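Just below is one structure, and these are the notes that go with it.
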Amino acid sequence: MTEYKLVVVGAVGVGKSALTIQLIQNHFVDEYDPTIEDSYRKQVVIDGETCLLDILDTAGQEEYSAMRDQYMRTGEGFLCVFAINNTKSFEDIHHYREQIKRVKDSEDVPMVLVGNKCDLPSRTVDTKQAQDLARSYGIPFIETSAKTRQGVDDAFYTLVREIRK
Amino acid sequence: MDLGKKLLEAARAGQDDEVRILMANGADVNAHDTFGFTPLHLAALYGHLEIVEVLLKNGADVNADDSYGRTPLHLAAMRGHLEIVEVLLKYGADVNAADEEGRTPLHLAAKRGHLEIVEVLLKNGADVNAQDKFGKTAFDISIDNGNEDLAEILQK
Ligand SMILES: Nc1nc2c(ncn2[C@@H]2O[C@H](COP(=O)(O)OP(=O)(O)O)[C@@H](O)[C@H]2O)c(=O)[nH]1
Ligand SMILES: [Mg+2]
C-alpha cells in the first residue's frame, strides 16, 4: 500500500496538532502542548486505494530540527494552515509557501491551503482574500474546523489527490 | 484552589522554586491536562532536570502516559534530553514502553537522529528489534532515513 509523507505547516496556535489528532483519533483537543513535534500515522481508504498517511505536525519552529528538515526535503504534500481569526497566521502563509519552494527546489509542489477554526463566530480573515491567495498559488483552499471535524478529512484527502496528480 | 494547573505551568516553565512551594501546599504531582500530560511529562519534554528529579523524589508516576500513549521517557527521548532519559530509567521507567502506534522510545530517538540516546536506551535493555504496529523497527528507520551512523550502532 502507498505511503504519503504529509507535512502540516503554519504559525503557532492555528490548530495543526488539533487537526492531526481529530483526523487520526476522532477527538478535539483544547490544550495540546504547543512544542511537541511528532509524526502520527493513519491507515485510510482514499478513492478505493488503502493507503498509509505519515503526517508530520510541525511545532517548535523557534528551535532547530534534524527530523523536521528531513521531512521537509523528502515530504510529498504540504498542509498550509492558518486560523480564520488570526491575520498574522494568514500573512505567514507567504513565508511558508516560499520556504517550501526553496527546500523542494520547485515552483510546483503538492499543497493545500487550510483556513482552520471556521466553527468560530468572529473571523478576521476573509474567505475571498484566502480564495484569491490559493487561486494565485494554483492550489486548493479548504475551510476546516478541528472542533466539529468539518473539512478535516477533505483537507487531508485533497492533498493525497494532489500528490497522485 | 487548583494548584494542579499552577504546578503543570511551573513544571513547563522551569520554575523549580514555584514547584517546591506548590507541592509543599499539597498540589498533586500527578495532575494532568485534558490530554494526560503530567508535570513530569512537561518537565521531561522541556529539559528541566532539577524539576524532573524533585517530581520523582516526590512520588510522581514515571510511566504515566498521555492520551497518545507516550511516557515521560518517550518525550525525553523525543527531545534529546540525555541526562533526563538516564534519571527516568534510574527511577524505573519502562525502556520498551509502547505508545498508541506501538513506538518505543528507541523508535522515537532513532527517528529524530538522537544517537547518544539510542546507545543509552539499548544499554538499559531496549529491544533493538521491536516492531511498531505498522511493522517498522529501528533498523527500518535507519534505512528509511539513510542514516548511516544509526545503522552502524544497530550492529557493531
Ligand atoms: N474553536 C476551535 N478551536 C481550535 C481549532 N483548532 C484548534 N483549536 C484550539 O486552538 C488551540 C491551538 O490548537 P493547536 O492544535 O495547539 O495548534 P498548533 O499550536 O498549531 O499545534 C487549542 O486550544 C485548540 O483547542 C478549531 O478548529 N476550532
Ligand atoms: Mg502543535
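Simple scheme: letters A, B, ... for chains in C-alpha cells order, numbers from 1 for residues in each chain, numbers from 1 for ligands in the order shown.
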
Exercise. Please, which residues of chain A lie no more than 9 Å from chain B when the count uses only C-alpha atoms, and can they be set out as a ChimeraX atom specification?
Worked result: /A:25,29-33,35-38,40-41,65-68,70

Kindly provide the residues of chain A that approach ligand 1 to within 7 Å, each paired with its closest atom pair and their distance in Å to one decimal, based on only C-alpha atoms and all ligand atoms, listed by chain and increasing number, as a tab-separated table.
```
residue	atom	partner	partner_atom_place_in_ligand_line	distance
A:10	CA	ligand 1	20 (O)	6.7
A:11	CA	ligand 1	20 (O)	6.4
A:12	CA	ligand 1	19 (O)	4.4
A:13	CA	ligand 1	19 (O)	3.6
A:14	CA	ligand 1	20 (O)	4.4
A:15	CA	ligand 1	17 (O)	3.1
A:16	CA	ligand 1	20 (O)	3.7
A:17	CA	ligand 1	15 (O)	3.6
A:18	CA	ligand 1	15 (O)	3.5
A:19	CA	ligand 1	6 (N)	6.4
A:28	CA	ligand 1	25 (O)	6.9
A:29	CA	ligand 1	25 (O)	4.9
A:30	CA	ligand 1	25 (O)	2.9
A:31	CA	ligand 1	23 (O)	4.5
A:32	CA	ligand 1	16 (O)	4.9
A:33	CA	ligand 1	16 (O)	6.0
A:34	CA	ligand 1	19 (O)	4.6
A:59	CA	ligand 1	21 (O)	6.4
A:116	CA	ligand 1	27 (O)	5.2
A:117	CA	ligand 1	27 (O)	3.4
A:118	CA	ligand 1	27 (O)	6.3
A:119	CA	ligand 1	28 (N)	5.7
A:120	CA	ligand 1	1 (N)	5.6
A:144	CA	ligand 1	27 (O)	6.3
A:145	CA	ligand 1	27 (O)	3.4
A:146	CA	ligand 1	27 (O)	3.5
A:147	CA	ligand 1	28 (N)	4.6
```

Practice prompt. From a DSSP calculation on the backbone, collect every residue of chain A in strand (DSSP E) and output the set as a ChimeraX atom specification.
Written response: /A:2-10,39-46,49-57,77-83,111-116,141-143

*Near residue 122 (chain A), within 9 Å and counting only C-alpha atoms, which residues show up once chain neighbours fewer than 2 positions away are dropped, as JSON, numbers by chain?*
{"A": [84, 85, 120, 124]}

Next, dump the selected residues to file, keeping only C-alpha atoms, as a tab-separated table (two decimals), in the first residue's frame.
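As written to disk, out36.tsv reads:
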```
chain	number	residue	atom	x	y	z
A	84	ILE	CA	-9.51	32.43	10.23
A	85	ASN	CA	-9.25	34.60	13.39
A	120	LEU	CA	-15.78	30.34	15.31
A	124	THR	CA	-10.71	38.49	10.83
```

Which residues are near residue 114 (chain A)? Cut-off 7 Å, only C-alpha atoms, ignore same chain within fewer than 5 positions. Put them as a PDB file with C-alpha atoms, in the first residue's frame.
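Once everything was written out, this is out19.pdb:
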```
ATOM      1  CA  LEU A  79      -0.942  21.462   4.507  1.00  0.00           C
ATOM      2  CA  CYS A  80      -0.532  25.264   4.850  1.00  0.00           C
ATOM      3  CA  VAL A  81      -2.689  26.011   7.894  1.00  0.00           C
ATOM      4  CA  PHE A  82      -3.849  29.420   9.094  1.00  0.00           C
ATOM      5  CA  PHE A 141      -8.365  26.134  -0.397  1.00  0.00           C
ATOM      6  CA  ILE A 142     -10.405  24.236   2.254  1.00  0.00           C
ATOM      7  CA  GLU A 143     -12.171  25.682   5.354  1.00  0.00           C
ATOM      8  CA  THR A 144     -11.773  23.422   8.384  1.00  0.00           C
TER       9      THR A 144
END
```

Would you please give, as a PyMOL selection string, all residues of chain B that DSSP assigns to helix (DSSP H, G or I) based on the backbone?
chain B and resi 3-13+16-24+39-46+49-57+72-79+82-90+105-112+115-123+138-145+148-153

Can you pull out every residue within 9 Å of residue 98 (chain B), counting only C-alpha atoms, but drop anything in the same chain fewer than 5 positions away, and send it as a CSV table (one decimal) with N, CA, C and O atoms, in the first residue's frame?
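Full text of part.csv as output:
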```csv
chain,number,residue,atom,x,y,z
B,69,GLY,N,-0.4,7.6,24.4
B,69,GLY,CA,0.4,6.6,24.9
B,69,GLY,C,1.8,6.9,25.2
B,69,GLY,O,2.6,5.9,25.5
B,70,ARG,N,2.2,8.1,25.3
B,70,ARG,CA,3.7,8.4,25.4
B,70,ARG,C,4.0,8.6,26.9
B,70,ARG,O,3.4,9.4,27.6
B,71,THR,N,5.0,7.9,27.4
B,71,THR,CA,5.6,8.1,28.7
B,71,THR,C,6.5,9.3,28.7
B,71,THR,O,6.9,9.8,27.6
B,74,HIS,N,9.4,8.7,26.7
B,74,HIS,CA,9.2,8.9,25.3
B,74,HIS,C,9.5,10.3,25.0
B,74,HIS,O,10.3,10.5,24.1
B,103,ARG,N,5.1,2.6,19.2
B,103,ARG,CA,6.5,3.0,19.2
B,103,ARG,C,7.0,3.0,20.6
B,103,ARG,O,6.4,3.6,21.5
B,104,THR,N,8.2,2.5,20.7
B,104,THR,CA,9.0,2.6,21.9
B,104,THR,C,9.9,3.9,21.8
B,104,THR,O,10.1,4.5,20.7
B,105,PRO,N,10.5,4.3,23.0
B,105,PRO,CA,11.5,5.4,23.0
B,105,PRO,C,12.7,5.2,22.0
B,105,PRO,O,13.1,6.1,21.4
B,132,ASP,N,6.8,-1.5,15.7
B,132,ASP,CA,5.6,-0.8,15.9
B,132,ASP,C,4.5,-1.4,15.2
B,132,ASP,O,4.7,-2.3,14.4
```

query: Which one is closest to ligand 2: A:26, A:61, A:43, A:2? Count only C-alpha atoms and all ligand atoms.
result: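 Closest to ligand 2, using only C-alpha atoms and all ligand atoms: A:61.
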
I want to know what sits within 10 Å of region 135-143 of chain B, based on only C-alpha atoms, with residues of the same chain fewer than 5 positions away left out; could you give that as a ChimeraX atom specification? /B:102-104,106-113,118,127-130,148-155

Go ahead and save the picked residues with C-alpha atoms, as a PDB file, in the first residue's frame.
```
ATOM      1  CA  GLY B 102       3.442   0.850  19.171  1.00  0.00           C
ATOM      2  CA  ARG B 103       6.503   3.028  19.179  1.00  0.00           C
ATOM      3  CA  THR B 104       9.024   2.645  21.935  1.00  0.00           C
ATOM      4  CA  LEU B 106      14.099   3.669  20.797  1.00  0.00           C
ATOM      5  CA  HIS B 107      11.882   4.265  17.678  1.00  0.00           C
ATOM      6  CA  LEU B 108      11.347   7.914  18.541  1.00  0.00           C
ATOM      7  CA  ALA B 109      15.040   8.642  19.254  1.00  0.00           C
ATOM      8  CA  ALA B 110      16.146   6.692  16.171  1.00  0.00           C
ATOM      9  CA  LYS B 111      13.669   8.588  14.075  1.00  0.00           C
ATOM     10  CA  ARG B 112      14.951  12.033  15.289  1.00  0.00           C
ATOM     11  CA  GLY B 113      18.638  11.019  14.916  1.00  0.00           C
ATOM     12  CA  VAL B 118      19.749   5.323  21.180  1.00  0.00           C
ATOM     13  CA  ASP B 127      14.703  -4.174  22.306  1.00  0.00           C
ATOM     14  CA  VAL B 128      16.562  -3.302  19.061  1.00  0.00           C
ATOM     15  CA  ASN B 129      14.029  -5.374  17.054  1.00  0.00           C
ATOM     16  CA  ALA B 130      10.601  -4.346  18.485  1.00  0.00           C
ATOM     17  CA  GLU B 148      24.475   5.567   8.221  1.00  0.00           C
ATOM     18  CA  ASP B 149      25.686   6.295  11.758  1.00  0.00           C
ATOM     19  CA  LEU B 150      22.468   4.804  13.245  1.00  0.00           C
ATOM     20  CA  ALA B 151      22.519   1.625  11.176  1.00  0.00           C
ATOM     21  CA  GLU B 152      26.139   1.134  12.408  1.00  0.00           C
ATOM     22  CA  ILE B 153      25.196   1.473  16.065  1.00  0.00           C
ATOM     23  CA  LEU B 154      22.404  -1.108  15.483  1.00  0.00           C
ATOM     24  CA  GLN B 155      25.055  -3.832  14.597  1.00  0.00           C
TER      25      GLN B 155
END
```

State, in Å with one decimal place, the distance from CA of residue 132 (chain A) to CA of residue 160 (chain A).
->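 Distance between the two atoms: 22.3 Å.
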